[PDB]
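This is what each chain is made of:
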Amino acid sequence: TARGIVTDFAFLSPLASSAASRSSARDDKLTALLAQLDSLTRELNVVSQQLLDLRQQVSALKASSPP
Amino acid sequence: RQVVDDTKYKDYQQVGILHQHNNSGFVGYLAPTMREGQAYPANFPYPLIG
């Protein structure tokens, strides 16, 4: 099966094609950038939280051996 | 119903709506407008009888 002929008046309208291309570019930008930024922010938050906890543990260990 | 068997037919041609001329010269192009074009044999309905 295959189903698409909707490009009829798209061919009949160059402006519609240009607007569709702009919409595709904007969708690419939005989707890709937002997904990447969200994943990066999640990873950075998790790593920062773990780093803070490890820093606390190291501070405690340093304090518990007063040379 | 039955349709054209594209695999088994020797001369199959997947023709989109944009290029099916039937009733040419008597019906507007892809829209219920006034008649346009010239008379011509037709391409689309692939015969299944005869």
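For this coordinate set, the PDB header names cryo-EM as the determination method and states a resolution of 3.72 Å.

K.L.:
Residue-level account of a nonpolar patch on the surface, with values.
P.N.:
A cluster of nonpolar residues, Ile-5, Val-6, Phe-9, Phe-11 and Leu-12 of chain A together with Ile-17, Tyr-29 and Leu-30 of chain B, forms a patch on the protein surface that exposes about 740 Å² of accessible area. Classification of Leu-30 of chain B as partly exposed rests on a relative accessible area of 32%.

K.L.:
Any details on the layout of surface pockets? Residues and values, ideally.
P.N.:
All names here are of chain B. Size it by volume and the largest pocket reaches roughly 620 Å³. Lining the largest pocket are 20 residues; nearest its centre among them are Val-4, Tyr-12, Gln-14, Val-15 and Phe-44. Classifying every residue of the lining of the largest pocket by side-chain character gives 11 nonpolar, 7 polar and 2 charged. Size it by volume and the second largest pocket reaches roughly 290 Å³. The wall of the second largest pocket is formed by 15 residues, among which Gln-20, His-21, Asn-22, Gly-28 and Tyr-29 lie closest to the centre. A breakdown of the residues in the lining of the second largest pocket according to their chemical character gives 5 nonpolar, 9 polar and 1 charged.

K.L.:
I'd love a proper account of the UniProt feature "coiled-coil region" in chain A, names of residues and values included.
P.N.:
Within this structure's numbering, the places UniProt gives as "coiled-coil region" are residues 30–57 of chain A. Within residues 30–57 of chain A, the helical portion is 100% and the strand portion 0%, while the C-alpha atoms at the span's ends are 40 Å from each other.

K.L.:
Could you give an account of the packing of aromatic side chains, naming the residues involved and the relevant values?
P.N.:
Residue and element names in this part refer to chain B. Taken as a whole, this structure holds 2 aromatic pairs over all chains when the rule is applied. Where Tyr-9 meets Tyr-46, the ring centres are 6.1 Å apart and the plane angle is 80 degrees; that geometry is what we call edge-to-face. What makes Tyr-46 partly exposed here is its relative accessible area of 24%. Measuring from centroid to centroid gives 6.4 Å for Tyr-12 and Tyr-46, while their planes differ by 20 degrees, and the two rings are stacked. Residue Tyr-12 is classed as partly exposed on the basis of its relative accessible area of 26%.

K.L.:
Residues and numbers for the environment of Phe-26 of chain B, please.
P.N.:
By relative accessible area, which is 58% here, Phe-26 of chain B ends up exposed. Along the backbone, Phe-26 of chain B and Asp-6 of chain B are 20 residues apart, and their C-alpha atoms lie at a distance of 29 Å.

Definitions and limits used
Residues numbered from 1 in each chain as written, not as in the entry; some residues may be left out. Chains lettered and ligands numbered in written order. Part of a larger assembly, values for the part shown. Heavy atoms only, no water. Patch = residues over 30% accessible without salt bridge, like charges linked within 9 Å, V, L, I, M, F, W, Y side chains within 5 Å. Areas by Shrake-Rupley, 256 points an atom, 1.4 Å probe, with all protein chains shown as cover. Salt bridge = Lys/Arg side-chain N within 4 Å of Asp/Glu carboxyl O. Buried < 20%, exposed > 50% of the residue type's maximum accessible area, 1.4 Å probe, protein only. 1 Å grid on protein atoms, 1.4 Å probe; cavity = no way out; pocket = protein on both sides within 12 Å on 5 of 7 lines; lining within 4 Å. Points joined across faces, edges and corners; volume = space filled by probe spheres on them. Nonpolar A, V, L, I, M, F, W, Y, C, P; charged D, E, K, R; others polar. UniProt positions renumbered as here; feature names shortened; annotations may be inferred. Helix = DSSP H or I, 4+ residues; strand = E, 2+ residues; numbered from the N terminus. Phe/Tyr/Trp six-rings, centres within 6.5 Å; stacked < 30°, edge-to-face > 60°.

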